[PDB]
């Protein structure tokens, strides 16, 4: 579809922004994150209206923006959900990839 963006993209819908780099995610297919919607992968921003636009962090339905980035019981893998699988039981990878503070997502 469109060309992937350069690294250094800041996701900043909340008070805890995170930088997302496509280059470090080259082993994952585009469509595993810009997931199919009605049979076609969608490339719009995750928080676009009508998409995951509920900014209530206690909302764990599919509309919750915090939920889609962090939770494990999801239909497509979230940021944290896939990272738990990648980090396994290695303390260094868990710190960098899944920690809530002092990790590569949240300083």
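Numbering follows the first chain given and starts at 1.
When the two stretches 25-33 and 76-84 are set side by side, the higher mean Cα temperature factor goes to 25-33. Per the PDB record, of the two stretches 40-48 and 64-72, 40-48 carries the greater mean B-factor over its C-alpha atoms. When the CA B factors of the chain's modelled residues are split into thirds, the value for residue 3 lands in the highest one.
Per the deposited record, the Cα B-factor of residue 102 falls in the highest third when ranked against the other modelled residues of its chain.
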